[PDB]
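Enquirer: Need the 3D shape of this:
(chains A, B, C, D, E, F, G, H, I, J and K, ligands or ions: 1)
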Amino acid sequence: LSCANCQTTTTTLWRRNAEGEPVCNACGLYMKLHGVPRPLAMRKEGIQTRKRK
Amino acid sequence: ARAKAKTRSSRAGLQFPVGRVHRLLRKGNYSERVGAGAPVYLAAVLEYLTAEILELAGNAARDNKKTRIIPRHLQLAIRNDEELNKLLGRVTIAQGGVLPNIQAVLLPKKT
Amino acid sequence: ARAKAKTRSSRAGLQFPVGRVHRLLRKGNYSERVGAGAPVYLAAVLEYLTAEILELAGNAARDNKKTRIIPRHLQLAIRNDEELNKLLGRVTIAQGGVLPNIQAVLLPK
Amino acid sequence: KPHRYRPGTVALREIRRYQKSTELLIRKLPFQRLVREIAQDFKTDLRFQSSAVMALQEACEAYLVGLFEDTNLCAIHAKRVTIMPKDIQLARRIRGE
Amino acid sequence: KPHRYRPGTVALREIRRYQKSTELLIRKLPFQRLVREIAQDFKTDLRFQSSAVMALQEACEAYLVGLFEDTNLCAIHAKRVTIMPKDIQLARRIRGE
Amino acid sequence: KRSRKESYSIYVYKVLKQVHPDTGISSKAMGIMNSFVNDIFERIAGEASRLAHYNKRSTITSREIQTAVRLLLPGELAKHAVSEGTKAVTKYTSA
Amino acid sequence: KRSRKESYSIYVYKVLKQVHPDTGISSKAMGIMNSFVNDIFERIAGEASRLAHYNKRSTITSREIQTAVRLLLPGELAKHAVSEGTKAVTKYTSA
Amino acid sequence: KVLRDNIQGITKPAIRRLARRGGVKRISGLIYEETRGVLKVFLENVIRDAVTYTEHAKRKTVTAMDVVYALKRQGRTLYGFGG
Amino acid sequence: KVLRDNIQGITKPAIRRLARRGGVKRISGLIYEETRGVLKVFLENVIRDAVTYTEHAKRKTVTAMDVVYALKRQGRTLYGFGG
DNA sequence: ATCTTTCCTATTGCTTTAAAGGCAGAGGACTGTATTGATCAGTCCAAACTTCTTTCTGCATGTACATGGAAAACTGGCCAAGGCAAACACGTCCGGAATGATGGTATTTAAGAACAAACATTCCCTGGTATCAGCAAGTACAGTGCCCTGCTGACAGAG
DNA sequence: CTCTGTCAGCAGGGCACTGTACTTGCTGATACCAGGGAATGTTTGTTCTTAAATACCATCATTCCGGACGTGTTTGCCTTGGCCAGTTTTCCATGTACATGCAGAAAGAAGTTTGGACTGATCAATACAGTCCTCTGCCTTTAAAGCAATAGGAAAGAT
Ligand SMILES: [Zn+2]
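Expert: Numbering: from 1, shown residues only, chains lettered A, B, ... in the order given. Next comes the structure:
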């Protein structure tokens, strides 16, 4: 699955929007609070920089 | 004139504080004198160990569908790794719990 | 002029060396400074523990009809006393042997 | 007939539940009173930080849990499943306590 | 009939004899050879003081005697008198090794 | 005023971000990591001090720390820690 | 001559003569007793050094040694050693 | 002011839960008194060192550091309390 | 020069004597291999630390003090050879 | 219960080797004075502990039913103890030598100490997202009644 | 008598149904962790000094390797005895579930008390130089312990 708004495959708690499609926790909370979709620029990302055995 | 100051931690490429480690070694009354490379080596070792434990704890937290590491995740990471478990065999972690483990003979039989 | 030197052990009325203990404390990297009474106290404690162990070991040797204390007698003295055994629980005495014990279940009818 | 699980099933369920969780199993106030009583013998009119009592409780729970795993191993060794005072005594004896 | 002690009598005799004495029980030369064999894996051409090998023998026999005491306790706990490998395993597990 | 309390929290968080960019860490876990770092530091420093004292040396150099790490850490942990320590020391000396 | 190596042999022998006038002690027993004295000295000194660093104190005084003795020695030994140390310090202070 | 018989405050279900966390399926009836005695001994041993540390610093309040340190000197190192 | 199989040098009579000192009356046949394995593990653990201590001193002779330090590091303090 | 055999302990003579005592010296303890920095004493305040009060329940206690696990008794066979005889390899010493540990001198490299700048770390304040709580379906698993399928003790009846 | 047909009963095991408990998904509440700004104390740069480690050499001590001889120990084998494992039975002591009330948890407030910051002060430790005498190394002596031989008592096993 993925968020219908910003398309993250991993989230702490899947939710749904008014249309009923799945949305990630941050997007759902942002929509419920402000009435606007969460910007993809506001969405965060990162790449691992260390590894071992 | 004085050159731009550069932290020894950045010089060694570490994230941990070389200066603080050196100061603690000097104030810890461990020896009369401390070599220059001793704090760098110790900081590197500490950074490696904490990176290992954090990696394992993060994997455990991901397994539990949680985003923030908690003491339960640290306990699971430590006790599920043989080397870390041997290193920290005498240590108690607050709110860590225990590994799920039931002796085989205690489980229900079939008949 | 300097007066007649008197060892700090004599002042404290101890057999153990106060000066050597003070020097060991200073050179042991235990503290930046060392109090005057600290070596005296430590020497007194060490002397007391030595006296206790030697008394028990001598009693054990005398019970064994031996004039000189040997490691076996030290082991018998240490393991027959509760406090000393708890203090030296993790210690191994070379050539000390073990206390003679046999579990009562193993004895014959 | 009302439902009734056989002996041992709820025991296994509780084992799984309490091994899955991490909350302190002893009630806080009686343990605090016990700690204060024990400290009363050493020095009168003492005061305790809340974190100090919490640390004492955590250490006691961990120690008892470990002792109970060792006791369970000792009981299983004797071809039993019920822990008995002899099992605890053996576990403490081997550990050097 | 030739004289023969019933089983267990000479066992108790040897127990008393070896608990009374203090001399080393392992033959010195094969233990030295074993020590050298083990040490060669960590560094080639290692010189060994005689006192070092003697100390190793003292420590090893003391550890083994303690382990056998705990093993005998475990054996007696299971209502047996013969020590078995499972008893040593239990003793090591409880001791934390 | 009041005395400031120092800790390793910022450095532990930096290492966590470098390892797991998206995972967070709670305050209790951060305290546990602080305690762990302090414990390992105390162990290694004490062993290095003992090593220096045994050889009648006055300095704790990188060699003492390396030997302490080899003594305390088991197996692969010791090997990887030694590799990281040597890398850090070499990089520091070259700079 | 060889390099001097110090030991507690003569003091242990003097204490033995004080306690058991007509009893001797073998060289192996003297070595064991020397090791015992060194071990107890190390334990008490380490505990006192910790106690001094623990309250941000720079000096190890008689009170630190007394607390170390209280913490380490069990039961009756603790109070007997404390009494002996207090007596020794009282004698020393009066000179 | 005076506390008398609060060792019984370690209730039977509490010991049962502690045993369950240890993987114990069946618990003898006499286990509870033995466990109470063992806990009493352990608490006395730890609190003695904690109170000694408190008395050395001349404080009257037992702080979490003292408990952590008493646990450490007995080989029971505890993480998560400012160690 | 090299040594291959000298773990078998710890003969059955030696293990029997060690058990007898420990108070053991009856010994199972399988005990000897288990005890040999345990002794080998213990010897490797001690000798590794002893050799590390020797190497740190830049020496090539494993002195008794190195063995004493290695034993003390494992909580197995030995009296008689120190010094 | 008494006799025979084995082991253990105790006693006595020789010796040997290890501890007790004596002498030389040096390096480490001791004495005295100046310096200083660590510690002690008094005051204050704030924050953190102790005490008391009310609600509210969850949890401990008490009771009753009954199930299965601990303990005792019996059997046997097989695994280990005891003893004998041959082999071997440990123990003891003696010598060759070669390796490594100790000690001394020139030196050279690296760390302690001091002072100023500034910059990294701590504390304080805010939003916002992960985590907690509650309800409802779905799933997994336990307990149990019924049934089919096997077997076996017993009785009945043809060769 | 042999064997084969017929009854009746108890056992294993499979499967369907009911019921309980745990897991998952969704929504809503909240709390605590990440990010931004003020402050302070601690780290870095630079220079000088000095002392701890390094490199070379000499030398001696002490460990490794080999050899030879004595005999105590190890190892293989045989006999057998008694201890461990399996089976059966019993009963009591634990597990499970239900009902009640009581005190633990949480929140609020007040009291209080004491831990730590701040300032002044005072005194006890360190540094340095000079003196000397106590401890360790070496050597010699003698007595406590070890080894060998003998004798008597205690204990195990058999009749
Ligand atoms: Zn989204």
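Enquirer: hey, where'd the helices end up in chain B?
Expert: The residue ranges that make up the helices of chain B, judged by DSSP state H, are B:8-11, B:18-27, B:37-63, B:71-79, B:82-87.
Enquirer: Of those helices, which is nearest residue A:35?
Expert: Of all the helices of chain B, it is helix B:37-63 that lies closest to residue A:35, at 32.0 Å by C-beta to C-beta. In short, each C-beta sits where N, CA and C put it, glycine included.
Enquirer: by how many degrees do the closest one and helix B:71-79 diverge?
Expert: 110 degrees (axes from the mean of the first three to the mean of the last three C-alpha atoms, to 10 degrees).
Enquirer: Can you give me the buried ones in helix B:37-63?
Expert: Within helix B:37-63, the residues scored as buried using 16 or more other C-beta atoms under 10 Å in any protein chain shown are B:37-58, B:60-62.
Enquirer: Pull out the buried residues from the helix or strand containing residue D:41.
Expert: Using DSSP states H and E, residue D:41 falls within helix D:28-42. Neighbour counts over helix D:28-42 (16+ other C-beta under 10 Å) mark D:30-39 as buried.
Enquirer: Can you redo these as TSV, where the extra columns are distance to DNA strand K?
Expert: What follows is the buried residues of helix D:28-42, written out as TSV (distance: C-beta to the nearest atom of the strand, whole Å):
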residue	distance to DNA strand K
D:30	5
D:31	8
D:32	7
D:33	7
D:34	11
D:35	13
D:36	12
D:37	13
D:38	17
D:39	14
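Enquirer: Take those and write them to JSON lines, including distance to chain G.
Expert: Compiled in JSON lines, the buried residues of helix D:28-42 are given as follows (distance: C-beta to the nearest C-beta, whole Å):
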{"residue": "D:30", "distance to chain G": "29"}
{"residue": "D:31", "distance to chain G": "24"}
{"residue": "D:32", "distance to chain G": "25"}
{"residue": "D:33", "distance to chain G": "26"}
{"residue": "D:34", "distance to chain G": "23"}
{"residue": "D:35", "distance to chain G": "19"}
{"residue": "D:36", "distance to chain G": "22"}
{"residue": "D:37", "distance to chain G": "21"}
{"residue": "D:38", "distance to chain G": "17"}
{"residue": "D:39", "distance to chain G": "16"}
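Enquirer: now the host helix or strand of residue D:13 against helix B:71-79, angle please.
Expert: Here residue D:13 sits within helix D:9-20, counting by DSSP H and E. Computed with the same axes, to 10 degrees, the direction of helix D:9-20 lies at 90 degrees from that of helix B:71-79.
Enquirer: Contacts (any at all) between chain H and stretch F:39-47?
Expert: Yes - Stretch F:39-47 comes into contact with chain H when judged by C-beta under 8 Å from any C-beta of the partner chain, the residues involved being residue F:39.
Enquirer: What of stretch D:75-92?
Expert: Yes - part of stretch D:75-92 sits near chain H under the criterion C-beta under 8 Å from any C-beta, namely D:81-85, D:88-89, D:92.
Enquirer: neighbour-wise, which of those residues leads?
Expert: Among these, the one with the most neighbours (other C-beta atoms under 10 Å in any protein chain shown) is residue D:83, at 27 neighbours.
Enquirer: still on that earlier bit, could you list which of the residues of stretch D:75-92 next to chain H belong to helices?
Expert: Secondary structure assignment by DSSP H places D:85, D:88-89, D:92 of those in helices.
Enquirer: Okay, buried residues for the longest helix along chain F please.
Expert: Here the longest helix in chain F is taken by residue count, with DSSP H as the criterion, and it is helix F:27-54. When burial is assessed from 16+ other C-beta under 10 Å, helix F:27-54 yields the following buried residues: F:28-41, F:43-45, F:47-52.
Enquirer: next one: stretch F:15-31
Expert: F:15-20, F:23-25, F:28-31.
Enquirer: ok, is it in contact with DNA strand J or not?
Expert: Yes - residues of stretch F:15-31 are located near DNA strand J by C-beta under 7 Å from any atom of the strand, namely residue F:24.
Enquirer: Around DNA strand K, which positions in chain H sit nearby?
Expert: Going by C-beta under 7 Å from any atom of the strand, the residues of chain H near DNA strand K are H:9, H:26-30, H:57-61, H:63.
Enquirer: Most widely separated two among the residues you listed?
Expert: Put simply, by C-beta to C-beta the two of the residues of chain H next to DNA strand K set farthest apart are H:26 and H:58, 50.4 Å from each other.
Enquirer: who's more crowded, the two?
Expert: A side-by-side neighbour count of residue H:26 and residue H:58, using other C-beta under 10 Å, places residue H:26 first with 17 against 8.
Enquirer: isn't that one right next to residue D:10, touching?
Expert: No - with the criterion set as C-beta atoms under 8 Å, residue H:26 and residue D:10 do not qualify as a contacting pair; they are 11.7 Å apart.
Enquirer: I'd like the distance between residue A:38 and residue A:20.
Expert: When distances are taken as C-beta to C-beta, to the nearest Å, residue A:38 and residue A:20 turn out to be 18 Å apart.
Enquirer: What values do phi and psi take at the residue most central in space within chain A?
Expert: When C-alpha atoms, centre = their mean is applied to chain A, the residue found nearest the centroid is residue A:24 (3.8 Å). Note on residue A:24: its backbone torsions stand at phi -70, psi 170 [degrees, to the nearest 10].
Enquirer: thinking it is in contact with residue A:11, fair?
Expert: Yes - in terms of C-beta under 8 Å, residue A:24 counts as a neighbour of residue A:11; the distance is 3.6 Å.
Enquirer: For the ones in helices among the residues of stretch D:75-92 next to chain H, give me CSV that also has distance to chain E.
Expert: Below are those laid out as CSV (distance: C-beta to the nearest C-beta, whole Å):
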residue, distance to chain E
D:85, 12
D:88, 12
D:89, 9
D:92, 10
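Enquirer: quick one: which of those residues is nearest to residue B:92?
Expert: Using C-beta to C-beta, the shortest approach to residue B:92 within those belongs to residue D:92, at 18.0 Å.
Enquirer: show me the contacts for that closest one.
Expert: Counting by C-beta atoms under 8 Å, 6 or more residues apart in numbering or on different chains, residue D:92 touches D:67, H:38.
Enquirer: hang on, the earlier thing: comparing residue A:38 and residue A:20, which shows the higher neighbour count?
Expert: For the pair residue A:38 and residue A:20, the greater number of neighbours falls to residue A:38 (20 against 8), based on other C-beta under 10 Å.
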